Protein chains: 2
Amino acid sequence: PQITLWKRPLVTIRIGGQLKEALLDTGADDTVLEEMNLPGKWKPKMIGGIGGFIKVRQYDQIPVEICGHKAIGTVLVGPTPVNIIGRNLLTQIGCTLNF
Amino acid sequence: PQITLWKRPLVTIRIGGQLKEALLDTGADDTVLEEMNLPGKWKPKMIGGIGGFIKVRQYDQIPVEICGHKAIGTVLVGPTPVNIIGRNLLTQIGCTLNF
Ligand SMILES: CC(C)(C)OC(=O)N[C@@H](Cc1ccccc1)[C@@H](O)C[N@@+](C)(Cc1ccccc1)NC(=O)c1ccccc1
């Protein structure tokens, strides 16, 4: 992976057998994804972003594929503009910032 | 830099004669700074994201120094809890995502 920023950093992910588009977003601590149905038990959570508070469903230990790299972790699902991959998963697959 | 993501990617920036800390953010299109007074003319704007929309003022042709590097361009000022360096400035300093 070398990704330059004249365009948004948008990738494909695979989750639950599904194919979605997501954004690699170094200023997000966490990963937040649009409304979907995922297996298992979930915890409610409120998260604050710059324009206010949103409400979320926490799922733990979920397998995702990002660009051919496999990861296992927490995913929050809720009312976000785009799909967001945050630092929790970016670190799993080996991502860094460079200059 | 090489910059890893175990924590938040905070750098030092200088604007005016001011010393600030700010986030390197590949998820941001634009550069969003905290409340300050700047030389020049500006226009208002509505920008949105997690939680909703804020109101902002657009300045053009601002010089900023970020980690030792010169950039020049557009900053948006308004009530953010955090200073974010977006892709408009990030490209000027040679910044890349790797993988
Ligand atoms: C999702 C969460 C809460 C984990 O992180 C963010 O929302 N991160 C912000 C930056 C930030 C950092 C620390 C505390 C609070 C906020 C951004 O990385 C999110 N981002 C880029 C999302 C986005 C992406 C594409 C288009 C729209 C929104 N920016 C914003 O949500 C945002 C909102 C209002 C104004 C400026 C930026």
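Within every chain, numbering begins at 1; the chains are lettered A, B, ... in the order of the sequence lines, protein sequences first and strands thereafter. All ligand and atom numbering here is 1-based and tracks the order in the structure.
- In terms of heavy-atom proximity, A:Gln58 sits nearest to A:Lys45 at OE1-CD, 3.6 Å.
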Could you walk me through whether A:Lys20 and A:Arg14 pass the side-chain contact (heavy atoms from CB on, under 4.5 Å) test, one step at a time?
-> CA-CA 6 Å; A:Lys20 291 179 126 193; A:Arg14 195 161 64 119; over 6 Å; no
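- The two residues B:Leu24 and A:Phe99 have their closest heavy-atom pair at CD2-CE2, 3.9 Å.
- When all heavy atoms of B:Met36 and B:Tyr59 are compared, the pair lying nearest together is O-OH, 4.2 Å.
- Residues A:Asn88 and A:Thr31 have side chains that bring a donor and an acceptor to within less than 3.5 angstrom of each other.
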Which donor-acceptor pairs under 3.5 Å do the side chains of residues 69-77 of chain A make with protein atoms, sequence neighbours left out?
unit_1  : atom_1 : unit_2  : atom_2 : d
A:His69 : ND1    : A:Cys67 : O      : 3.2
A:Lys70 : NZ     : A:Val64 : O      : 3.4
A:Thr74 : OG1    : A:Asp60 : OD1    : 3.1

Check ligand 1 against the protein and report each N/O to N/O distance under 3.5 Å, formatted as atom name, atom name, distance.
unit_1   : atom_1 : unit_2  : atom_2 : d
ligand 1 : 8 (N)  : A:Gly27 : O      : 3.2
ligand 1 : 18 (O) : A:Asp25 : OD1    : 2.8
ligand 1 : 18 (O) : A:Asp25 : OD2    : 3.4
ligand 1 : 18 (O) : B:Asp25 : OD2    : 3.0
ligand 1 : 31 (O) : B:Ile50 : N      : 3.0

